[PDB]
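**Q** Sharing a structure with you now.
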Amino acid sequence: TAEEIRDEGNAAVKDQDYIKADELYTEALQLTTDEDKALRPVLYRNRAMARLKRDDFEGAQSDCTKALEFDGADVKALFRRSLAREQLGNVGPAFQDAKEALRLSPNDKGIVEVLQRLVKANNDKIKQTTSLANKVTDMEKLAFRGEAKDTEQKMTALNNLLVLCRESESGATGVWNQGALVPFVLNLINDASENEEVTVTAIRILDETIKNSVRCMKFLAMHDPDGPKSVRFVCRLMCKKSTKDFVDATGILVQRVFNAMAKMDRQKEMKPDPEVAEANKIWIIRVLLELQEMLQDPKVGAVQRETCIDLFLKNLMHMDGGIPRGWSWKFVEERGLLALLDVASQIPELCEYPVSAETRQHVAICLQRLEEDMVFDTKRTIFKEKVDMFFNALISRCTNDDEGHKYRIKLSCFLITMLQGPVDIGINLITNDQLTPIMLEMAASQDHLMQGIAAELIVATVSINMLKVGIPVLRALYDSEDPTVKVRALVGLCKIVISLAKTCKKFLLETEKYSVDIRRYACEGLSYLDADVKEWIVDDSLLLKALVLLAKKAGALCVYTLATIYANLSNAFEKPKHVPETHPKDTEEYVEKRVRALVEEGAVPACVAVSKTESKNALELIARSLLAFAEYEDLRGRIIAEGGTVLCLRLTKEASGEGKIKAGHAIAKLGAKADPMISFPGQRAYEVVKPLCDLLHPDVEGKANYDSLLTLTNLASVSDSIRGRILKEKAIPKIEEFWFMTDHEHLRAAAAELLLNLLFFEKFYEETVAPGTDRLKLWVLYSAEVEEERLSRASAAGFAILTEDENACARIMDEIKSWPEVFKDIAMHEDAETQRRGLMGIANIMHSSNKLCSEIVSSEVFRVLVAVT
């Protein structure tokens, strides 16, 4: 069974991509270093060569040293350890790694190329390294020591230091200062009167340096002589200042500690290594019992607590990307899950430790996906029965009579949350006969909380028998004099004549009484209305203005609300596979008027504001809304005017299954036709590179193909470095699609400027390589006429350019009846560009040699006589 999977890795390296191949060997190591001592080391050589193929040098070095461990006969292990130590920055070990491999096999040019680059590398490396130490020391003296100009010189000095670590791994080694950046950084966050931009840039340098492994792991060890106290401080670093963005960026230093102890995706799709996890399990129990223990700590703050909850969903779901199985269940088997339930009960009114209203999202989702990482067999049941025994622990203890009302609101708020996350167990609990009467008992009490949450409970239940109970109580509670209960109940009318909307308009149009959660439910109800309400909303201006202002005004829970607000009015979501035709609200020009007013009222800043949630399906909805804003007369300027694309690519990195593709086609429709230094200026042009890739991954059949071509048509019009960035992702399979299937497409004129310009090393090796004969032939056949003005010119320009090559002029003598049709369709045809485009193409064809100069004779003369007049 060992060999039967060992073959599949190397086959997977060459079948399509190595991105899938690297994990195959990683699965194949499960019986290694036990059942056999022959297969395990060589599979370690192949796996380390596999991650070396990607961009992971740390694991490749620590597996190449694992396979050298048996005898050191592996030569590819030495070439790989030296290739890793080359990019590692420490080229000294790479050189002695490579001299001991080239001495074993004197042949093979690559072993020589490594030593060739290493000679100059070690040669200059001491000079550049002492210059890097004077730059590191001059930088530390400026940003954090006695320096002038107050904020201005410091906030810039570190700003150069972050790039001194960020774009150079060798400079990343020198900014960390062998283990000295940390005390300076944490000494900065300790200043209560420090500008927070300085604090966030400092930590940003901090996580950058520890991105690797040991530099991060020493960041745990250095703080206390004994380990558990030393991981506490790293965890408890968010409990230092907590300004606004300080907590989000002090969170990633803790996130980075997960990436070290088990090696993880960081962003791009890479699986953790069990081999490191089992070694570092001691660290992971220590940090996760520390995050669990600080999850209920009263001293722990509001937002830093829910960022502490973000770390769990992002790390312990082994069916997504995190600690492997057996640790996902170590969390449920003890207090880790029972205590995890408790925080979902607490609400901004009843808590005991600070809790935010936003907590909702962060507490729903990590339970829901905990149902996704419990997709074993005894997992489903141990999870459910832990929740059922907690629910039984709460009903028997609530005694909603003698000041036990707090227990009844606690169980109610615990149940309202799980209808937002794990519905499979949440409806499983509202089966109980004790539930409905207690719900009713809160419904009529003078305790204003119990009634509000009461209407919130059944509006959460909106997807069987308890459902018919709660609706009548909802409408009888709608009349309530208090806004919290009327606004909390109006959602449930929409959740089942548009009479309610005339009150929904005044609910948010008057920004006086309603502010915090009051406006929030006022929008949530608005989201549940659809069908023809669209135009009735569009013909009011204060509706869009007040919805945008409400989303700008702390729209943290305004997520799915706005995302379904602008999506349903115009946008359409595709689904797997009479009434609409008569609709004058979402079908014809009214769909254009809806986005036309929606954008000019200012929906974009509300979108970038409410996108900060990790809600995958709300990410898909905001992506669909964003592409729906695009493809209109002046909308192309409107997207960039606030930053639609800049967060569109931000949502491409993490979205739902179709959310990445909706984001990708969204960026394509958004730009393209604007300008090359507008659709991705400066440092952002490279970020737009990746989304264009995997946009040809499916098939060239729908409207998603033509946009994917048209945006790349302008992606390479400026600067060569971008054209060389495109080559490293290999666009060849993509162009192969429209080479032999698309009929009505301008993509040929883009492929011309692609193959012609680009990097010299690539495009010279691409215009020539592979059977290009039919490519040259279609370069001539379509340049004749073909009822198109541009095809005849852009097709001809590559004829005039390629004619200049020496190897290329032998192959032109394969087709001769193609030249009468292009030489005639230049003087006789009515087009203007094709005449100058064709005459210059003919002259270079008659200037290469005399063998073809007589084969045409008259086809050229028909143009030469026409030119003189």
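By convention here, the chains of the structure tokens are called A, B, ... in the order presented, each chain's residues are numbered starting at 1, and ligands are numbered starting at 1 in the order presented.
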Residues of segment 592-789 of chain A in alpha helix (DSSP H) according to DSSP, as a PyMOL selection string?
**A** chain A and resi 592-600+603-610+616-629+635-642+644-653+659-670+689-692+703-715+720-727+732-739+747-756+760-766+773-781
**Q** Considering only C-alpha atoms, return as a PyMOL selection string whatever protein or nucleic-acid residues lie within 7 Å of segment 811-828 of chain A, sequence-local ones (same chain, fewer than 2 positions apart) excluded.
**A** chain A and resi 780-781+783-785+808-809+830+834-835+838+859-860+863+866
**Q** Please provide the set of residues having any atom within 12 Å of residue 755 of chain A, restricted to only C-alpha atoms, with same-chain residues fewer than 3 positions apart removed, written as a PyMOL selection string.
**A** chain A and resi 713+716-717+723-724+726-727+731-732+735+748-752+758-769+772+775+794-795+797-798+801-802
**Q** If I take atom CA of residue 564 of chain A and atom CA of residue 315 of chain A, how far is one from the other in Å, to one decimal?
**A** 28.9 Å
**Q** I need the residue nearest residue 562 of chain A from this list: A:2, A:610, A:531, A:203. Use only C-alpha atoms for the distance.
**A**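 Of the candidates, the smallest distance to residue 562 of chain A is held by A:610.
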**Q** Would you write out, as a Markdown table, a table of all residues in segment 508-626 of chain A that have an atom no more than 7 Å from an atom of segment 647-670 of chain A, listing for each the closest atom pair and the distance in Å to one decimal, considering only C-alpha atoms and ordering rows by chain and rising residue number?
**A**
```
| residue | atom | partner | partner_atom | distance |
| --- | --- | --- | --- | --- |
| A:608 | CA | A:647 | CA | 6.5 |
| A:616 | CA | A:656 | CA | 4.7 |
| A:617 | CA | A:656 | CA | 5.7 |
| A:619 | CA | A:655 | CA | 5.5 |
| A:620 | CA | A:659 | CA | 4.1 |
| A:623 | CA | A:663 | CA | 5.0 |
| A:624 | CA | A:662 | CA | 5.9 |
| A:626 | CA | A:666 | CA | 6.4 |
```
